[PDB]
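J.: Sequence first, structure after; it's an experimental one.
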Amino acid sequence: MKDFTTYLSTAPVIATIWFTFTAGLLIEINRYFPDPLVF
Amino acid sequence: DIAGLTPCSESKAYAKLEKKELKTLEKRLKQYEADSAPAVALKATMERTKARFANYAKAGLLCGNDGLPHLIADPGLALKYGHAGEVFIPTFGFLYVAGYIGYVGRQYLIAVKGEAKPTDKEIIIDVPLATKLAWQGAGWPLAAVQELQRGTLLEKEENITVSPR
Amino acid sequence: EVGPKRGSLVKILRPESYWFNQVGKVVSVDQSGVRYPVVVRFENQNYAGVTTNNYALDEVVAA
Amino acid sequence: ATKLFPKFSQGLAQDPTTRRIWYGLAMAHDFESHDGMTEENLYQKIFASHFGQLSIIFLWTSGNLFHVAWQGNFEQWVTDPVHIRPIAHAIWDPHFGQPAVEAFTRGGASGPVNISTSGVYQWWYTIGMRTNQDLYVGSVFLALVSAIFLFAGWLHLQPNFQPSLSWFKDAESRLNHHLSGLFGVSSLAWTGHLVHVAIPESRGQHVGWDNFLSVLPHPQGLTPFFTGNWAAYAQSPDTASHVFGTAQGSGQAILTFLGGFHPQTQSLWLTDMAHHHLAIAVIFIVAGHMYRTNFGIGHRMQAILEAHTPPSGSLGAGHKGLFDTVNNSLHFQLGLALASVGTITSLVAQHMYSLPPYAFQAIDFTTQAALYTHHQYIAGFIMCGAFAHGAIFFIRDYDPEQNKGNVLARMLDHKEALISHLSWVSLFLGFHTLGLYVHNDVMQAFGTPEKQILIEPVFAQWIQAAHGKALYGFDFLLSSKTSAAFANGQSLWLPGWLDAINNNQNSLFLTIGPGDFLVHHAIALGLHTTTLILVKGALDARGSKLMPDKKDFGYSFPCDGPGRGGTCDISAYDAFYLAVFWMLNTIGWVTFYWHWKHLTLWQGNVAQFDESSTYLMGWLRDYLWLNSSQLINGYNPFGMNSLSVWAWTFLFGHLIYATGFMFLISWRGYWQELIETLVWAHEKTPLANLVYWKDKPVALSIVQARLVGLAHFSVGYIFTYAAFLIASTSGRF
Amino acid sequence: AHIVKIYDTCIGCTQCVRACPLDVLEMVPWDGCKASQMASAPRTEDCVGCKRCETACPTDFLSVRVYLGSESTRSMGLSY
Amino acid sequence: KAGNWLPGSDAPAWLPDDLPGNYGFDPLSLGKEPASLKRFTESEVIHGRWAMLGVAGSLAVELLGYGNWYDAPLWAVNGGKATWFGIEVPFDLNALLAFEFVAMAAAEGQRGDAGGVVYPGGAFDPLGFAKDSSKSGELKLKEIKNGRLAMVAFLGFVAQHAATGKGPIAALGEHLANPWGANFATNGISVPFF
Amino acid sequence: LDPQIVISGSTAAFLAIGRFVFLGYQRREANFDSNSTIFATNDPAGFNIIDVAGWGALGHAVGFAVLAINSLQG
Amino acid sequence: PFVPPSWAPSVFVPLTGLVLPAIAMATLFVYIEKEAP
């Protein structure tokens, strides 16, 4: 499992998971708060 | 008001634009039934359009002669005529998140720099240390200002490589 | 016995060198009268992929 | 063996390949690189070159005057300068068929002629030309002046006439004579022409060489000048109902400062221009007595430079030794001159479109578009040349031992910081401008134009309100009636200026919105990136970490080989090469913005530009696609019209651009191998191997390839935009 | 012809001579390095300027430098 | 040292102890260079003297009843004649510029040619109040302190006039009439958000 | 405004401030500022023809500026 | 006057386009290939 976690800790896998999390957060934010143009 | 613009709550072109969008959506909706998925989707889009226009007019935005809103970038005008939510508050929000990400990355680099093989820590991310620094980066402006006051934020001239001039 | 001690860290003062103002570990100092007897090994390679070089006695400063 | 050409390089003359011809042609003006070149001979060669260039300029001007007087319609255009198109010259092309002959036959001519877009008609009509005889006399005079300049260029190279080396380095005398004589006396003479010829000719009185010695320019006759009552010269100016060229409503004043524009011609007043030239003539003449030459009084530029070092040591040694590193370096002087010239050229373009100086120039839309675009592209090329010569100065004439601790050495001391900050500015501007444009494009595509980001340019609008524009409502400085700045000009020039700036029918401080803000940010991005490339190439010209000895290889060289990972485009010449593309792109953006805003203004619908300039789809469809419908229709299967030449030029520029892409993408090696195969084919072919070449055929060099590709790119770019601009503006109006 | 120069930082590793494809460089005796050898360029009239020797040099900075000079038949590597 | 401008802060090393008005106030380190500090001393003394005379004149004109300092040159802009102490002056604006320019040029030229002299004495001291250099120390401090105070007072005069429209005495009477209700925080010009 | 009085007064006044006020300063700056012609004169303070021409030019320019400004009636 | 005749373009255009460029091209080509003594 140590090798599997080390593989999941590589730059492309970490980048994929992080961008998926950030994109999902932004998408859900725009979903529950439609059309935010100002504060 | 500011720069010859009128508020969106009292602009005729703004209302005409809203009526144009609702008209084309309603025209597209008339071709379907009443209890079908495309009709419900179109009604949801129309409700979203109404809420968006109402929220933009409620926010006190300034519209132009085209019926579209305008942003106030001058700090004085924004804080004087109630337009700080357009470009001021989001500016400070981006500054906080930008310095947040920058400080987290800088801390990770400085932490892995003293190890045996920093290149391995760069291609293979150390998730526990990175997560700890990501959670600790909430005090980035305080830590950055304290670093600047101590003189440890910058590197000396003699320790940086330069061209032979 | 002349020159820096083997295994120490020195700074490169040669302006045309890739490692100018950079730290490198001393490998060996030649005991002859050669112009560049100090051998310095660096962790970071140059554009040619080389990590070792030969510098003079005054071209390296202890740091 | 060794050939006679080139005569200035024995090494190039010994080259037995085709590279000898190309290199000899491209290094003829590189006087410092010839065989047996000294400083005195170098300066003498440049002096002769200057005279030859002046002769070429004057001969070209005389040719324009002669063709307008011969094939032009200047005598008929002056009577109706609103409904008559100017004629450049006739067309004699045996390739033209009958439809081409009747299609180009326009403008009241008897044959095929070209309609001019240079605007020389308005300029000559404003300065005083009325008949074709005046243009003929001017052409003859300019041709004789050009011949005298050519003879002077030949005479100054012969013995007993060649200037000494110390004469060329007399900076104090040369600068005093250029500030007092070439600038002040010339401006004073122009004031004399405006008061004696232009002003009386614009009021219906013909004043020429046959009657100017008996006609008084003012009814008081030089008396108020000697008595100090100059205020009498501004009395009785031209009224608001004055007709240009006639005496109807014409005043008697010769030096006024009414400001604004003429109500009919929509151009600057002649009296104000004469007063302007007089004031600047007095200022330049007075400024011409600042340096000590041969009479004890004056200054020494070396003393002023050496006496300008701050005590805190912030600038190091300050400007010590700057006099020697500039007076002894021709590339430094050329770079300074080109930088100032390019900035002045851009200033000319902006001031001429906003403040029209020639009569009936604002109504000519094609003239405005072509003149502005021409001057802006010339200014961009000149700026790139200034930075290129700065890099040449660092490689060839920089001396670190003489410039030790001054501002010049400190530039190379922190060059990494400068390049890094320029990179940050360019990156920020590019990311934000592109992001806002793509965001607006997506909002327009999704049917929600109210969701796009439209930042109002409050800073520039605030400046416009300070100038006197009351559309925004800031009401301050010249906009508020109770301000001292406003009440202090109400009796001299503010009435006309305010009446002209508040009018939205002219190009004097046009109304701006979010589209103007965004395109201005794009302009700033282009300027910063071009400056980044040029500055980085000039500072890294003497060496960097990749090439610590780049100063020993010269300004232009191919590369350092494939070693060290690769050294492609490492010279400063390559930095200039990559910067030319950014200059063309920046000028393309500024000219696109100018053309679209003025097109929407002339068409009477500025809202179209204000609503479609925020998203790139509007720029691509409403400006590039909407205005090219008439251009590409110049020739089709249904026939052709006078706009077919612009369509051919459009396709011509596209072809040249695409041809440049070949030299830009494909590189030498493949071509050299192909050439070797062709050499074998010619050598092994009967009835053809008897005809052998005198120069061995070889592929073009890397530097030559970059230059050829850049030249094709620039020529195609310029011809394509000029053809589209002239065709769209001429067909639309 | 191109200008090929050898500087005193040469360690006598003989890699530049082996990488030369037209036999321009050679090794001569010397007393400035442990190998007691130094690179030399006595046949620069045949050098084309491929800079393979510069690529093969391991010193920082390089010990062998090639400067493009007057082009000729041998320098351009033409078989015609 | 006369005192400490920041109680508990070390005084700058480039400031001498015997300098008049030496309070150690120099956060920007402008007087670090010895040559620059030499020019700044005479510059401050000359500025203080001019400001003292200007403040005294501006106060005297309004105290006597001949308008404020801002209304003083108003006669030359719209058909008026200068009145000094209620006496008519027969001099136009052009004649005043020539006389003042020549007189000031001569005076300042001799002063500049002297070589940066701060304390001339002799003909400038007919009463002999600073004959001995031992007792001039306690009198030079008074001059520099009054000069700095008058400089601040003149700057305040200009600021209060540009922000209210009234003269120095008029602003004092209004403030004495309503201190809490009429100050810089109530003019609407100084602090915009108040 | 009389032109003769203004021009004469302006020229004489600037020649006076050039001969009795700014002569030493100009001579000291000209010395430190460091084929020619030496203009020897019998003036005890070295006020040669070059300085006279320069100061007279400044005086005439200022006098004509004063005359012009007063001529504008402002 | 300085006005050229009506037939001037019909003679100067073919001259400047075919006579002058051919002579100039031939002269320049001969000059480039001149061998030094």
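T.: Thanks, I have the structure now. Numbering: from 1, shown residues only, chains lettered A, B, ... in the order given.
J.: Residue H:21: which element?
T.: Remark: residue H:21 resides in helix H:20-32, with elements defined by DSSP states H and E.
J.: Just give me how far that helix sits from the chain centre.
T.: Mean C-alpha position of helix H:20-32 versus that of the full chain (C-alpha atoms, centre = their mean, to the nearest Å) differs by 9 Å.
J.: Check whether that helix comes near chain D.
T.: Yes - on the criterion C-beta under 8 Å from any C-beta of the partner chain, helix H:20-32 is in touch with chain D at H:31, H:32. Backbone N, C-alpha and C define where each C-beta goes, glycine included.
J.: who's in contact with that helix?
T.: Under the contact criterion C-beta atoms under 8 Å, 6 or more residues apart in numbering or on different chains, helix H:20-32 has outside partners D:3, D:4, D:5, D:21.
J.: Likewise for stretch C:27-37?
T.: Outside stretch C:27-37, the residues that reach it (C-beta under 8 Å, 6+ apart) are C:2-4, C:6, C:38-41, C:52, C:54-57, C:59, E:8-9, E:32-34.
J.: End to end on that stretch, go ahead and measure it.
T.: 10 Å (C-alpha to C-alpha, to the nearest Å).
J.: At the geometric centre of the chain, which residue do we find?
T.: With no chain named, the answer covers chain A. With distances taken as C-alpha atoms, centre = their mean, chain A has residue A:21 as the residue nearest its mean C-alpha position (1.7 Å).
J.: Switch to chain G, please.
T.: When C-alpha atoms, centre = their mean is applied to chain G, the residue found nearest the centroid is residue G:55 (1.5 Å).
J.: mind checking how far that residue is from residue G:11?
T.: Counting by C-beta to C-beta, to the nearest Å, the gap from residue G:55 to residue G:11 is 8 Å.
J.: And residue D:231, by the same measure?
T.: In this structure, residue D:231 and residue G:11 are separated by 22 Å, where distance is defined by C-beta to C-beta.
J.: Which single residue in chain C comes nearest to chain F?
T.: Proximity to chain F, evaluated over chain C using C-beta to the nearest C-beta, is greatest for residue C:21 at 29.5 Å.
J.: try chain D
T.: residue D:311 (4.1 Å).
J.: picking that back up, how about the secondary structure of the closest residue to the residue of chain C closest to chain F other than its chain neighbours?
T.: Taking C-beta to C-beta, 6 or more residues apart in numbering or on different chains, and ignoring the residues beside it in sequence, residue C:21 has residue B:161 as its nearest neighbour in space, at 5.0 Å. Look at residue B:161: counting by DSSP: H, G, I helix; E, B strand; the rest coil, its state is coil.
J.: swap in residue C:54?
T.: Three-state secondary structure (criterion: three-state DSSP) places residue C:54 in strand.
J.: Geometric centre of chain F: which residue is closest?
T.: Ranked by distance to the mean C-alpha position of chain F (C-alpha atoms, centre = their mean), the top residue is residue F:51 at 1.4 Å.
J.: Okay, strands next: where are they in chain E?
T.: E:3-6, E:26-29, E:37-40, E:64-67 (DSSP state E).
J.: coming back round to it: run a quick neighbour tally on the residue lying closest to the residue of chain D closest to chain F once chain neighbours are set aside.
T.: With C-beta to C-beta, 6+ apart as the measure, residue F:33 is the residue that lies nearest to residue D:311, at 4.1 Å, once sequence neighbours are left out. Taking other C-beta atoms under 10 Å in any protein chain shown as the neighbour definition, residue F:33 ends up with a count of 16.
J.: what's the answer for the one 4 residues further on, then?
T.: As a burial measure, the neighbour count of residue F:37 was computed by other C-beta under 10 Å and equals 17.
J.: buried ones in the helix or strand hosting it?
T.: Element membership of residue F:37, judged by DSSP H and E, is helix F:34-64. By neighbour count, with 16 or more other C-beta atoms under 10 Å in any protein chain shown as the criterion, the buried positions of helix F:34-64 are F:37, F:41, F:44-45, F:48, F:51-52, F:54-55, F:58-59, F:61-62.
J.: Report the distance from that helix to the chain centre.
T.: On the basis of C-alpha atoms, centre = their mean, helix F:34-64 sits 3 Å off its chain's mean C-alpha point.
J.: now stretch H:11-19
T.: In this view, stretch H:11-19 has its centroid 7 Å away from the chain centroid, taken as C-alpha atoms, centre = their mean.
J.: Could you tell me which residues within the host helix or strand of residue D:186 count as buried?
T.: Taking DSSP H and E as the criterion, the element that holds residue D:186 is helix D:186-193. For helix D:186-193, the neighbour count (16+ other C-beta under 10 Å) marks D:187, D:188, D:190, D:191, D:193 as buried.
J.: The third one and chain H: what is the separation?
T.: So that's residue D:190. Spatial separation of residue D:190 from chain H under the definition C-beta to the nearest C-beta, to the nearest Å is 26 Å.
J.: what's around residue 27, how many residues?
T.: Since you didn't name a chain, this refers to chain A. The local packing of residue A:27 (other C-beta under 10 Å) involves 10 other residues.
J.: that's the other chain; I wanted chain F
T.: Neighbours of residue F:27 using other C-beta under 10 Å come to 9.
J.: Now do the SS call for it.
T.: Look at residue F:27: counting by three-state DSSP, its state is coil.
J.: for it, phi and psi?
T.: Summarising the backbone geometry of residue F:27 under the convention degrees, to the nearest 10, its torsions are phi -70, psi -30.
J.: So the residue in chain F that chain H sits nearest to, which state does it fall into?
T.: Distance from chain H to each residue of chain F (C-beta to the nearest C-beta) is smallest for residue F:94, at 57.1 Å. Counting by three-state DSSP, the backbone at residue F:94 sits in helix.
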